[PDB]
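Only one chain comes next, encoded as C-alpha cells, the form deposited in one PDB entry.
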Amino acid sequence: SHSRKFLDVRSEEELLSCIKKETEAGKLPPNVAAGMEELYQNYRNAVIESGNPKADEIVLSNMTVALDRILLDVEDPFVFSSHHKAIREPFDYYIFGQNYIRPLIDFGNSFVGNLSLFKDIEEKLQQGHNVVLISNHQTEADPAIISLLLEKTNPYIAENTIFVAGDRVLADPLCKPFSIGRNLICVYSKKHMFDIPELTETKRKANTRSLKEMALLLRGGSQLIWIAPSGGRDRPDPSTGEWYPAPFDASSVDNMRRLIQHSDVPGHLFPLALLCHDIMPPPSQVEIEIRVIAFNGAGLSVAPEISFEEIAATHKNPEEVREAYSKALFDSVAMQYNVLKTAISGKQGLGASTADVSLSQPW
C-alpha cells in the first residue's frame, strides 16, 4: 500500500527524514532517494531565484506532490506500451506537469514564432488530416514548454499533441509522473537497441507494435504527433559551448512520411523549433568546464511545410531524396531556432522577428 508520507511533509527537515524512512523501508532505492534530494534542492533554488513571491509555497506544494508521485511509481511502476493516453483522473498528471514547469518559465522573455500557423494546423486537423511536428528536442520538459506557451491560444494543441518518446526518459523514476500525464507513442531507441542483447528481440517486437498502432491512429485522421528525428536532446558543442539542433536521422523523417502516405489520409509535416535547454539541460562536460534546473525564457516556433514533391522531382534516387527532404526540414528548424535565440539570449525580443519568423507573446 502506497506510503503517502510525502504529503505530510511541512518542512525541509521532514522532507529529508521522509526520504530516509522510505529508503530504510526498502521502498526507495538509495540512488533514487539521492536523485530526489538533488531534484528538491535544484527546483527550490530555481523557483526562489526567479523572484517569484510565492516561491516557498510553490516549492513545498509542487515538490511534496512530486515526491509522493515518484514514490508511488517506484512502489509499483506504471507500465508504458505503444500508445499511452495522458492520465487526467483521479489525479490529473497533465495539469500537475503543467503547474510543475510553470514557475521555471520567464514568460516576459519567452516567444512564439508564427503563432498563426498553429491555427492553420488546427484547421487541417478539423478537416480530418494528420499533422506531424518535426522538431528538435532540448529537455524532458519539452511537452510542457509547448503546452504552457500555447495554453491560451491553442489549448487543443496543448492537451492533445502526442509525443514519440524514447525508452530512456520513460524508465526514469524522477520523470515518470510527468510522462504519465502526456499523450505518447513509446519507442525503444536505435541508440540503445543493442546495449542488452537479451532484450533486442523484445524491443523490436514492441517497436513494431507501436508503429502499427500509430498507423492505425493515422487511418482514423485528426492526429497531431510530435517527433524529434535526432532522438536525443541537443548538446552543446564540446569546444565552443554553443547549443543548436542536433542532426536528424533522415530515416526517421522518411518512416513518418511513408506511414502518412499509406494511411490514405492527407498528412502534413511541419518543422518546429524549441529553445529551452537552459530550463532543464541534459548533462554535459563542457557545461561543467565553462545547474540542472533554472528560470529562463523559452521559445517555440513553427514554419510552413516543406514541399516533398519539389525535392523528389529534383533528386536522382530514393536515398538522395530522403536526405534532401530531411535536410530541408532540419534547415528550417535551425533557422527558426536562431531567431528564437536572438529574441531570448540575444535580448532582441520581438525585434529579432524576420520575414519568415514572426514573434509574439500570447499570454
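For every residue, the number given is its place in the sequence shown, counted from 1. What we label the rigid core is the largest C-alpha set whose atoms superpose within 1.5 Å from one form to the other.
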Unmodelled deposited residues between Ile290 and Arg291, binned: 1 to 3
Between 24-32 and 312-320 (mean CA B-factor, as deposited), the higher: 24-32
Between 237-245 and 74-82 (mean CA B-factor, as deposited), the higher: 74-82
Among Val132, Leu150, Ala250, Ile121 - the residue whose C-alpha B-factor is largest in the record: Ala250
Per the PDB entry, maximal CA B factor within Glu140, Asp167, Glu159, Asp106: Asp167
Third of the chain, ranked by Cα B-factor, where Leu274 sits: lowest
Chain third (lowest, middle, highest) by recorded CA B-factor, residue given as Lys191: highest
CA B-factor placement of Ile225, once the chain's modelled residues are sorted into thirds: lowest
Chain-wide C-alpha B factor ranking for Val286, given as lowest, middle or highest third: highest
Among modelled residues of the same chain, the CA temperature factor third for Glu37: highest
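There is another form of this protein, the form deposited in another entry, and it is not shown here; the text below is about that form.
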Residue showing a 2 Å-or-more C-alpha displacement between this form and the one not shown once the rigid core is overlaid, selected from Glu242, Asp264, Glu89, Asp195: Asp195
